[PDB]
Amino acid sequence: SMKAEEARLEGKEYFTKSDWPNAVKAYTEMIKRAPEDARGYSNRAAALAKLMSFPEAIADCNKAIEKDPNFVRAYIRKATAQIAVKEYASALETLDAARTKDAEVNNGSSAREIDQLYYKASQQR
Amino acid sequence: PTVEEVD
């Protein structure tokens, strides 16, 4: 809907200005207005992660994954949150899935980021 | 990187 789209733009503006709590609020509205749109979940996760609200961020990334399995960013985001909460083994699994999807849908464009997350997860484990 | 990006 147009109002979901306004909420996504508002979100993006708040996020851009590092106003995390207002981004959370905007993405919650995006999610209410377009509950099947994976971007709202991933986007709210991004803001919750900046707030160090990791269980919530991870739950939203999981929901984004359910709504759009080709949404590579959700996988990368989730792994990053899993590293933050020392779920290393899980992160490495999530990164394996992200690398595969990244090749399939993005033709490798996020490979560098995924490989450095993988390295970081492996070493801390 | 992803933690700096929104859609």
# chains A, B, ... in the order shown; residues from 1 in each chain; ligands from 1
>>> residues_around(residues="range 16-21 of chain A", least_positions_apart="2", cutoff="9 Å", atoms="only C-alpha atoms", output="ChimeraX atom specification")
/A:11-14,23-26,46-48,50-51 /B:4-6
>>> interface_residues(of="chain A", to="chain B", cutoff="9 Å", atoms="only C-alpha atoms", output="list in words")
residues 8, 11, 12, 15, 16, 39, 40, 42, 43, 44, 46, 47, 49, 50, 73, 74, 76, 77, 80, 110 and 113 of chain A
>>> select_by_dssp(residues="chain A", states="alpha helix (DSSP H)", output="JSON, numbers by chain")
{"A": [2, 3, 4, 5, 6, 7, 8, 9, 10, 11, 12, 13, 14, 15, 16, 20, 21, 22, 23, 24, 25, 26, 27, 28, 29, 30, 31, 32, 33, 38, 39, 40, 41, 42, 43, 44, 45, 46, 47, 48, 49, 50, 54, 55, 56, 57, 58, 59, 60, 61, 62, 63, 64, 65, 66, 67, 72, 73, 74, 75, 76, 77, 78, 79, 80, 81, 82, 83, 84, 88, 89, 90, 91, 92, 93, 94, 95, 96, 97, 98, 99, 100, 101, 102, 103, 104, 105, 106, 111, 112, 113, 114, 115, 116, 117, 118, 119, 120, 121, 122, 123, 124]}
>>> write_last_selection(atoms="C-alpha atoms", output="compact mmCIF listing (two decimals), in the first residue's frame")
# COMPACT_ATOMS: atom_id res chain seq x y z
CA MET A 2 0.96 3.66 -0.36
CA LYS A 3 0.97 4.06 3.44
CA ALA A 4 3.34 1.06 3.78
CA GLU A 5 5.58 2.78 1.31
CA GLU A 6 5.44 6.11 3.24
CA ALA A 7 6.32 4.18 6.37
CA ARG A 8 9.31 2.55 4.60
CA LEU A 9 10.52 6.06 3.51
CA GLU A 10 10.05 7.51 6.95
CA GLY A 11 11.95 4.49 8.29
CA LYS A 12 14.77 5.07 5.89
CA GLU A 13 14.99 8.73 6.80
CA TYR A 14 15.06 7.98 10.59
CA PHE A 15 17.65 5.26 10.06
CA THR A 16 19.79 7.53 7.92
CA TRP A 20 16.91 4.16 15.83
CA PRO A 21 13.82 4.28 18.02
CA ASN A 22 11.88 6.26 15.44
CA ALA A 23 13.03 3.84 12.67
CA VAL A 24 11.70 0.97 14.86
CA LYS A 25 8.39 2.79 15.08
CA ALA A 26 8.22 3.45 11.31
CA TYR A 27 9.10 -0.16 10.42
CA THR A 28 6.51 -1.47 12.82
CA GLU A 29 4.01 0.61 10.90
CA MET A 30 5.38 -0.73 7.55
CA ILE A 31 4.92 -4.24 9.00
CA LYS A 32 1.32 -3.52 10.14
CA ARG A 33 0.48 -2.10 6.66
CA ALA A 38 9.92 -9.03 4.10
CA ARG A 39 11.66 -5.62 3.93
CA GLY A 40 9.73 -4.30 6.95
CA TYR A 41 11.00 -7.11 9.20
CA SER A 42 14.57 -6.90 7.93
CA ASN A 43 14.43 -3.10 8.26
CA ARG A 44 13.07 -3.16 11.79
CA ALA A 45 15.79 -5.74 12.63
CA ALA A 46 18.41 -3.29 11.38
CA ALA A 47 17.19 -0.66 13.77
CA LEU A 48 16.71 -3.00 16.75
CA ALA A 49 20.30 -4.29 16.15
CA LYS A 50 21.62 -0.69 16.38
CA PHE A 54 19.41 -8.78 19.50
CA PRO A 55 16.70 -11.47 20.31
CA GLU A 56 14.11 -9.11 18.68
CA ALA A 57 16.38 -8.39 15.71
CA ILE A 58 16.95 -12.07 15.19
CA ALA A 59 13.22 -12.83 15.44
CA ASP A 60 12.56 -10.19 12.74
CA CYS A 61 15.26 -11.51 10.47
CA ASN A 62 13.69 -15.01 10.87
CA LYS A 63 10.29 -13.55 9.91
CA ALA A 64 11.84 -11.76 6.87
CA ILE A 65 13.30 -15.13 5.84
CA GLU A 66 9.81 -16.66 6.01
CA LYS A 67 8.28 -13.89 3.89
CA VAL A 72 19.81 -12.27 0.99
CA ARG A 73 20.13 -9.22 3.34
CA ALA A 74 17.95 -10.89 5.96
CA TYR A 75 20.37 -13.81 6.14
CA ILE A 76 23.40 -11.57 6.41
CA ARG A 77 21.67 -9.46 9.06
CA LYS A 78 20.67 -12.47 11.11
CA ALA A 79 24.23 -13.88 11.07
CA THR A 80 25.60 -10.52 12.20
CA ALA A 81 23.10 -10.54 15.15
CA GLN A 82 23.95 -14.16 15.91
CA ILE A 83 27.61 -13.25 16.14
CA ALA A 84 26.67 -10.43 18.51
CA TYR A 88 28.72 -18.74 16.48
CA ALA A 89 27.80 -22.23 15.27
CA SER A 90 24.41 -20.96 14.21
CA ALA A 91 25.94 -17.97 12.50
CA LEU A 92 28.23 -20.11 10.42
CA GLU A 93 25.15 -22.11 9.24
CA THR A 94 23.28 -18.93 8.48
CA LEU A 95 26.29 -17.62 6.54
CA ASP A 96 26.45 -20.86 4.49
CA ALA A 97 22.86 -20.22 3.43
CA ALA A 98 23.54 -16.55 2.79
CA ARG A 99 26.52 -17.40 0.57
CA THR A 100 24.43 -19.79 -1.55
CA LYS A 101 21.52 -17.33 -1.91
CA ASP A 102 23.98 -14.52 -2.63
CA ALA A 103 25.39 -16.45 -5.59
CA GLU A 104 21.88 -17.44 -6.83
CA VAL A 105 20.10 -14.12 -6.56
CA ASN A 106 22.90 -11.46 -6.36
CA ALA A 111 30.49 -12.42 -1.08
CA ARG A 112 33.12 -10.25 0.57
CA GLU A 113 30.86 -9.32 3.45
CA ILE A 114 29.70 -12.87 4.01
CA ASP A 115 33.27 -14.24 3.93
CA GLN A 116 34.47 -11.80 6.58
CA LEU A 117 31.48 -12.59 8.84
CA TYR A 118 32.29 -16.25 8.37
CA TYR A 119 35.94 -15.73 9.31
CA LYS A 120 34.94 -13.67 12.36
CA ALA A 121 32.37 -16.29 13.52
CA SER A 122 34.83 -19.16 13.03
CA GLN A 123 37.62 -17.51 14.99
CA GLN A 124 35.42 -16.57 17.97
